[PDB]
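In the block that follows, a single chain appears as structure tokens, in the form deposited in one PDB entry.
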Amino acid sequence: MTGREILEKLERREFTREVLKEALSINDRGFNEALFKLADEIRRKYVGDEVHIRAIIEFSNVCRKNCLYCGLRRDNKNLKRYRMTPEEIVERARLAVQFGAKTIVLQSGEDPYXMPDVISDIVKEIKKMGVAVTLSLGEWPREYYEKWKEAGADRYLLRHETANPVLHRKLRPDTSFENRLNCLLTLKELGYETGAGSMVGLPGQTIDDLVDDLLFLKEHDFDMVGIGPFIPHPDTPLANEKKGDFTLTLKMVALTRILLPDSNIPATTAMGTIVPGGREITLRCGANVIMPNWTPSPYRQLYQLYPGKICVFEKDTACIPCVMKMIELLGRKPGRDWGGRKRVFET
């Protein structure tokens, strides 16, 4: 099909494997621009002009897992490890709420020390502040997820990474796609707003794999979808692999918006790392969420899933103001409420 025909099928919601594969394979500038315009318009119509701010506190870079892509993998001895105290985390969340954040995201490596009860205690304290709490702590037993939901957690981010089970097991040798999916299903069952998503440009990942990632996301109707490029880290086995392409990754975000029109979709920091101004582009191609870094010094610079991350050299409190300026210069509005998913039931 020509680009014009692919676009027409996307506009009529004929989301076949073939339409998605062709959308990802056509490299014509005119087609891509039209795809991005469509996704921007769908975003505007379904989720409006509010860009929701999720302040992220990366509270520990200790991890028990050994994912091949990740700078926090347990085999990386060239990394100073750190843990914020529970008091530090609560007070740092309070400062973000003082700065206007309406969601606090707590993210870490899979660090056993906190699990499950110290997390529960932190969540209960933050919930007193009248904001949404999102956890992004990795894979844990059902019982831990249940405890955190009873403590008041609202949302959980657990990117599926890659929907190719073979590639998933190779890159994540401690676990499996089946396990990852079972965690996501358990989180949904428990009443979390649940986020999935994937990296683009992983070694060995194909276009057909990206199509499978889109169809997976569409299948499960996730509340949130986090997408970014793979960025190689020098202290990992994938150090010499190519970085994911920004344009391809942006097309994944655009297609995700077209597929899941009422979902919450961040403009990720990895997008702003590989291209200067990449978050702002992504916010104009389907995204409607931003996650300003709220990790304090001196830890911020130690939380390096990938290198060269933007924002690391800035003062503690810079990123909330910075994203508020971004949202204004984009002609957008800050979120007025917690920014939970507002489902638009259709046919």
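We number the residues from 1 along the sequence you see. Only residues modelled in both forms are compared. Throughout, rigid core stands for the largest set of C-alpha atoms superposing within 1.5 Å between the two forms.
Although not depicted, the form deposited in another entry is the subject of the following passage.
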Problem set entry | Displaced position between the shown form and the other one, chosen from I26, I320, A34, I310 (C-alpha, 2 Å or more, rigid core) | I310
Exercise. Aligning on the rigid core, do we see the C-alpha of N66 shift 2 angstroms or more between the shown form and the other one?
Worked result: no
Problem set entry | Closer or farther in the other form, the Cα atoms of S263 and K309, when the shift from this form is 3 Å or more | farther
Exercise. How does the C-alpha distance between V312 and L106 change in the other form compared with the present structure, closer or farther, given a change of 3 angstroms or more?
Worked result: farther
Problem set entry | Core-referenced shifts between the shown form and the other one - contiguous stretches of at least three, CA at least 2 Å | 301-315, 345-347
